[PDB]
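Participant: My questions all concern the structure below.
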Amino acid sequence: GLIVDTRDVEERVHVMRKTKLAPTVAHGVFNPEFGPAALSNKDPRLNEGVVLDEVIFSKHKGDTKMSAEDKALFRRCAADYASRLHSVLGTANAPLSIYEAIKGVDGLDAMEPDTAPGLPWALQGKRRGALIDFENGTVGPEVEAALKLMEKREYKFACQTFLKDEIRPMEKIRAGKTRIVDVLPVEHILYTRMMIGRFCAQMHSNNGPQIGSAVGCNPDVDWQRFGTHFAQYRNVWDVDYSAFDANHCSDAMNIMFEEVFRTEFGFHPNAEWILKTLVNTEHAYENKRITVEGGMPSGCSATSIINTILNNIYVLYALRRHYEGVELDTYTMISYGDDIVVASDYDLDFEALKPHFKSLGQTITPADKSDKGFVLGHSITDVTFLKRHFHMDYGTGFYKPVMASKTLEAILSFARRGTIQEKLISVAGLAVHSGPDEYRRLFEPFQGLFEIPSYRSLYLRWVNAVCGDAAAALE
Ligand SMILES: [Mn+2]
């Protein structure tokens, strides 16, 4: 995005600044090239003469401005993708009730308590539970005040910038490339789910290539569905972006909101409005008041979906801007926010597309980062998606989501105090696809210390999960 105003205020919005991630016994055994993010300017492990607060905002390199022709083209791609999208999902996008927005529906999880509620409930020492009733599905005084202020299209807000306390590669840590979360007010989040929560629900349960979205998928069972789809195509590309979230330009955002969330598709008129309030935002990080034009706030509750929608339009736009007669069936794809797999029987040159993507302020890059650029002939078994490869299971003949063993080591090395046991069982479900020998090795350090699920129990669980027929095809 484009920063238009840095300014200082003495009501400090303080951030966290040390990690919750204590090492585990796995740490000493594996010695991973990973560790907690850098949360303090004083962090020893940070390269000398690097201040945490500046590199944070180096992602805002400008808000790309598009020509009248490129905008008309983008609008067509947005309208075409929107056409596909609503054709699959239907047009029953009437506002969710407050109860339904709090508690969720089929396809949409309930809103969370115990997480941040944003501003200025941080400035009033007010906690999520104090504003809304999560079991009752009801709201309090000022949030209802703020609710019917957004009806009236007035709503003053700022984003609260947090530092993401997470495991990162040791280099990102010495470089101080700590990721950030923009926590919006809880009234913003719930209203957004009132405006578009029914649509998001439909997206989740209809995830797949046809809508180009994996948001709400279950990789354990859906890898078979996705893998077999992309195996049918002659070319498969693993496309990476540089700072996808931050580089959504004002023109692309506004136009996608205008084309996707129209009232003719059964949205309330305020769906477009509430989404449009994410374009020019207000970030109370570090020295509080920083104003940004362009880019998507990293974290809203519809971020994954919005980043997915834009990703789908970006690809259509880039291809149409280089080739002629490019339509939605010219290629296939699936994405999850910035993460994307593309495939086609056409021999599309993603190296030539680079500038066309750059007209949107987006920089595409091959996943390898080697060769010299995008090559052809790659298949579904060469790519990473949701940090998972596609591999064939020997026993079933299904695709399984395999994670890099060194990534699993990193995840197994650090954990919050008192959660290790739960985290192991959780991570066991991920590691089971790495095969029995590597599974045994990854969980060696916890032998006789924590309960470790047997490889066989999770394999049988997974087999039935992929489809009961396979599990029943035995015995
Ligand atoms: Mn990727």
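Sequence positions in the sequence shown follow the entry's author numbering and run 1 to 475.
Just so it is clear, CB atoms sit at the ideal spot from N, CA and C, and this is done for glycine as well.
1) Does the Cβ of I180 have 16 or more other Cβ atoms within 10 Å, making it buried, or fewer, making it exposed?
2) Report, in whole angstroms, the separation of the C-beta atoms of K103 and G129, which I expect to be a contact under 8 Å.
3) Quick one, are the C-beta atoms of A284 and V51 less than 8 Å apart?
4) Look up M392 in the DSSP assignment and say whether it is helix, strand or coil.
5) Among the residues of its own chain, which have a CB less than 8 Å from the CB of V143, if the five just before and after it don't count?
6) Leaving out five residues before and five after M111 in sequence, what residues of the same chain have Cβ atoms less than 6 Å from its Cβ?
7) Spell out a yes or no on whether the stretch 377-386 and the stretch 251-271 are touching, meaning 3 or more CB-CB pairs, one atom from each, closer than 8 Å.
8) Is the closest heavy atom of ligand 1 to the C-beta of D240 under 7 Å?
9) Report the residue from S426, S454, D114, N93 whose alpha carbon sits nearest the alpha carbon of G266.
10) With a Cβ-Cβ cutoff of 8 Å, do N307 and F244 count as a contact?
11) For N280, name the three-state secondary structure that DSSP assigns.
12) Which same chain residues end up closer than 6 Å to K276 when comparing Cβ atoms and leaving out the 5 residues on each side of it in sequence?
13) Please state if the CB of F385 and the CB of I364 are separated by a distance shorter than 8 Å.
14) State the CB to CB distance for the pair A343 and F230, rounded to an integer number of angstroms; the pair is presumed to be in contact (CB under 8 Å).
15) Should the stretch 213-225 be regarded as contacting the stretch 294-314, the criterion being three or more beta carbon pairs within less than 8 Å?
16) Would you kindly report the start and end of the unbroken alpha helix (DSSP H) that includes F162?
17) Within this structure, are the beta carbons of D165 and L21 separated by less than 8 Å?
18) Determine, using beta carbons only, whether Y439 and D345 come nearer to each other than 8 Å.
19) Let me know if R388 comes out buried or exposed under the rule of 16 or more other beta-carbons within 10 Å of its beta-carbon.
20) What is the rounded straight-line gap between the Cα of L316 and the Cα of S298?
21) Can you tell me the Cα-Cα spacing of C200 and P44, whole angstroms?
22) Using the Cα positions of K406 and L474, report the straight-line distance between them to the nearest angstrom.
23) Give the range of the beta strand (DSSP E) segment to which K358 is assigned.
24) Based on Cα-Cα distance, which residue from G208, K423, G176 lies nearest to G49?
25) Quick check on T115: does DSSP put it in helix, strand or coil?
26) Does any heavy atom of ligand 1 sit closer than 7 Å to the C-beta of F385?
27) Measuring only from the beta carbon, is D80 closer than 7 Å to any heavy atom that is part of ligand 1?
28) Express the C-alpha separation of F450 and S413 in angstroms, rounding to a whole number.
Facilitator: Once the coordinates are examined:
1) Mapped onto the sequence shown, residue 180 falls at position 180. Buried, by the Cβ-count rule.
2) What you label residue 103 is simply residue 103 of the sequence shown in a count that begins at 1. What you label residue 129 is simply residue 129 of the sequence shown in a count that begins at 1. At roughly 15 Å, the Cβ-Cβ gap does not stay under 8 Å, so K103 and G129 are not in contact.
3) Here residue 284 corresponds to residue number 284 of the sequence shown, with the count starting at 1. Here residue 51 corresponds to residue number 51 of the sequence shown, with the count starting at 1. Result no, Cβ atoms of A284 and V51 do not sit closer than 8 Å.
4) Within the sequence shown, the letter at position 392 stands for residue 392. Strand.
5) Position 143 of the sequence shown, counted from the first residue, corresponds to residue 143. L131, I132, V186, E187, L190, listed in sequence order.
6) Here residue 111 refers to the residue found at position 111 when the sequence shown is read from its first residue. Answer for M111: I102, listed in chain order.
7) no
8) Within the sequence shown, residue 240 is the residue found at index 240, counting from 1. At least one heavy atom of ligand 1 is nearer than 7 Å to the Cβ of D240, so yes.
9) Taking the first residue of the sequence shown as position 1, residue 266 is located at position 266. Per the Cα distances, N93.
10) Translated into the one-based positions of the sequence shown, residue 307 becomes position 307. Translated into the one-based positions of the sequence shown, residue 244 becomes position 244. Yes, they are a contact pair.
11) The count along the sequence shown starts at 1 and reaches residue 280 at position 280. Reduced to three states, the DSSP call for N280 is strand.
12) Locating residue 276 in the sequence shown gives position 276, counting from the first residue. Contacts found: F257.
13) The sequence position of residue 364 within the sequence shown is 364, counting from 1. The sequence position of residue 385 within the sequence shown is 385, counting from 1. In this structure, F385 does not lie closer than 8 Å to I364 by Cβ.
14) For the purposes of this step, residue 343 is identified with residue 343 of the sequence shown, where counting begins at 1. For the purposes of this step, residue 230 is identified with residue 230 of the sequence shown, where counting begins at 1. Yes, they are in contact, since the Cβ atoms of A343 and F230 sit about 5 Å apart, within 8 Å.
15) yes
16) The residue given as residue 162 occupies position 162 in the sequence shown. It is not in any alpha helix (DSSP H) - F162 instead sits in the beta strand (DSSP E) that spans 160-163.
17) In the sequence shown, the residue the question calls residue 165 occupies position 165. In the sequence shown, the residue the question calls residue 21 occupies position 21. Yes, the pair counts as a contact, with Cβ atoms nearer than the cut-off.
18) As a first step, residue 439 is located in the sequence shown; it is residue number 439 there, counting from the start. As a first step, residue 345 is located in the sequence shown; it is residue number 345 there, counting from the start. Cβ atoms of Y439 and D345: not closer than 8 Å.
19) The residue labelled residue 388 in the question sits at position 388 within the sequence shown. Under this definition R388 is a buried residue.
20) Locating residue 316 in the sequence shown gives position 316, where the first residue counts as 1. Locating residue 298 in the sequence shown gives position 298, where the first residue counts as 1. Approximately 24 Å between the Cα atoms of the pair.
21) Taking the sequence shown and counting its residues from 1, one reaches residue 200 at position 200. Taking the sequence shown and counting its residues from 1, one reaches residue 44 at position 44. Rounded to the nearest angstrom, the two C-alpha atoms are 43 Å apart.
22) Within the sequence shown, residue 406 is the residue found at index 406, counting from 1. Within the sequence shown, residue 474 is the residue found at index 474, counting from 1. Straight-line Cα distance between these residues: approximately 34 Å.
23) Counting from 1 along the sequence shown, the entry for residue 358 is found at position 358. It is not in any beta strand (DSSP E) - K358 instead sits in the alpha helix (DSSP H) that spans 350-358.
24) As a position in the sequence shown, residue 49 is number 49, starting the count at 1. Among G208, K423, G176, the Cα nearest to that of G49 is on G176.
25) Residue 115 sits at position 115 when you count from the first residue of the sequence shown. Of the three classes helix, strand and coil, the one that applies to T115 here is coil, per DSSP.
26) Position 385 of the sequence shown, counted from the start, is the residue given in the question as residue 385. Under cutoff, so the answer is yes.
27) Taking the first residue of the sequence shown as position 1, residue 80 is located at position 80. No; taking the cut-off as 7 Å, the Cβ of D80 has no heavy atom of ligand 1 nearer than that.
28) Residue 413 sits at position 413 when you count from the first residue of the sequence shown. Residue 450 sits at position 450 when you count from the first residue of the sequence shown. When rounded, the distance between both Cα atoms is 14 Å.
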